[PDB]
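Heads up: the structure comes next, in structure tokens.
For reference, positions follow the sequence shown, starting with 1.
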Amino acid sequence: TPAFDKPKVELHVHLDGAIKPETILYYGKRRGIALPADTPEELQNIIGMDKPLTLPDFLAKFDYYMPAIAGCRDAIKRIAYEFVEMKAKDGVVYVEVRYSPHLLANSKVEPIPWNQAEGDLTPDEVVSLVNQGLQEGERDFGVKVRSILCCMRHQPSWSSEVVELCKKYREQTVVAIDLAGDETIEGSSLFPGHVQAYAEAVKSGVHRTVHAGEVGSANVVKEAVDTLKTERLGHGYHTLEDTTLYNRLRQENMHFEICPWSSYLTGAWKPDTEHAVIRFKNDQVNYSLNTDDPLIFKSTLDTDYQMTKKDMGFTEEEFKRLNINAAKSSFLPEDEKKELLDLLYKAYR
Ligand SMILES: C[C@H](O)[C@@H](CCc1cccc(Cl)c1Cl)n1cnc(C(N)=O)c1
Ligand SMILES: [Zn+2]
């Protein structure tokens, strides 16, 4: 089957949408919460998607399965570990894994995510546990792993704990801040909780990505560049609808975090249209191919490669380019990014 069985890099993927059904059923039963089914399989199909789906019909998914894990130290670390193992199985050599620490917390967070009753697991201890699991992960399956903490659109009261958390735990394993959630909250990029968070990220060399352009307009991408100052964008499709902004980001060699399967699934991309990635490819963009959420999208990395191979003419050589780029566009430190590149230059020949 495999579409490029060469090593890859991956920059854009959510931990909380990368759990095994059966680890969820496990803490489900283990921790008396009821999941809406009782085989890992009924579950998949259920948190699984095979059509677009409304912002809420899509967020409710986080309630089928997140109260199994959040709260639970052992669970959190377990998911971090088995994410890594998951990525070894796709043939990846470097992954940047992203999440919100508040969304696995049950203490020292307002408001309490997912109906949790208040407990003791805080947003700081989530980071440690995620680290513990990601590092031990790395050691066992030999994948390189960094993490990325997400800010939430709708909750810029979190944002500075986020940067702070990012600086606290830097390369041990965190590399950057993100912006995620409902990109269609109006004004949201400029919410001063977020601006100051990114600004602070700039004060103290923390790398930046932001979700934009997947659903919200080209305006949201340019607030991402100009005001939050990102180095990378997650998605950035709608970038096309402003020629000058596309132009200048092509010229700046901005990184595009592309999630092709994800976008058909979500609705973001519709199929009587030109898929945005093909454009990128035609235009020699800096972009990577990424999976977003293996859980929700019923996917693996090779899913993504299949569609562009099989649907969009992607040749192996683009594959190569795109991985080289993503490596190039890692939030790794300089010295260790060169070493990623040596690894891929050699594997690609
Ligand atoms: C970013 C974090 O790493 C979680 C957050 C999921 C979530 C939960 C509550 C409220 C909102 Cl709006 C969202 Cl998107 N995450 C997981 N998958 C996505 C996605 N594709 O948007 C976001
Ligand atoms: Zn994402």
Those residues that, when tested against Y169, pass ring pair (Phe, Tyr, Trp, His ring centres under 6.0 Å) (two or more places apart): none
Under 3.5 Å, sequence neighbours excluded: what are the donor-acceptor pairs made by side chains of residues 102-110?
residue: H102; atom: NE2; partner: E161; partner atom: OE1; Å: 2.5
residue: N106; atom: OD1; partner: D120; partner atom: N; Å: 3.1
residue: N106; atom: OD1; partner: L121; partner atom: N; Å: 2.7

Main-chain N/O of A68 paired to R31 side chain as donor or acceptor, under 3.5 Å: yes
Aromatic ring proximity, centroids under 6.0 angstrom, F141 and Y81: yes
Salt bridge (charged side-chain N to carboxylate O under 4.0 Å, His left out) partners for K346, two or more places apart: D342
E334: partners by side-chain contact (heavy atoms from CB on, under 4.5 Å), with sequence neighbours left out: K337, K338
Residues forming a ring pair (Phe, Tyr, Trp, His ring centres under 6.0 Å) with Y345, sequence neighbours excluded: none
Residues that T54 engages under side-chain contact (heavy atoms from CB on, under 4.5 Å), provided they are two or more places apart: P56, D57
Side chain to side chain donor-acceptor pair (under 3.5 Å) contacts in which one or both residues fall within residues 182-202, not counting sequence neighbours: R153-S188, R153-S189, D182-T184, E200-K203
Residues which pass ring pair (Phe, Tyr, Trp, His ring centres under 6.0 Å) with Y65, listed by chain and number, not counting sequence neighbours: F62
Test side chain to side chain donor-acceptor pair (under 3.5 Å) applied to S299 - qualifying residues, sequence neighbours left out: none
Residues in side chain to side chain donor-acceptor pair (under 3.5 Å) contact with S100, at least two apart in sequence or another chain: none
Geometric cation-pi criterion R232 and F331, 6.0 Å radius, 45° cone: yes
Pairing residues for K144 by the salt bridge (charged side-chain N to carboxylate O under 4.0 Å, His left out) criterion, not counting sequence neighbours: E336
Contacts of type side chain to side chain donor-acceptor pair (under 3.5 Å), residue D50, not counting sequence neighbours: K298
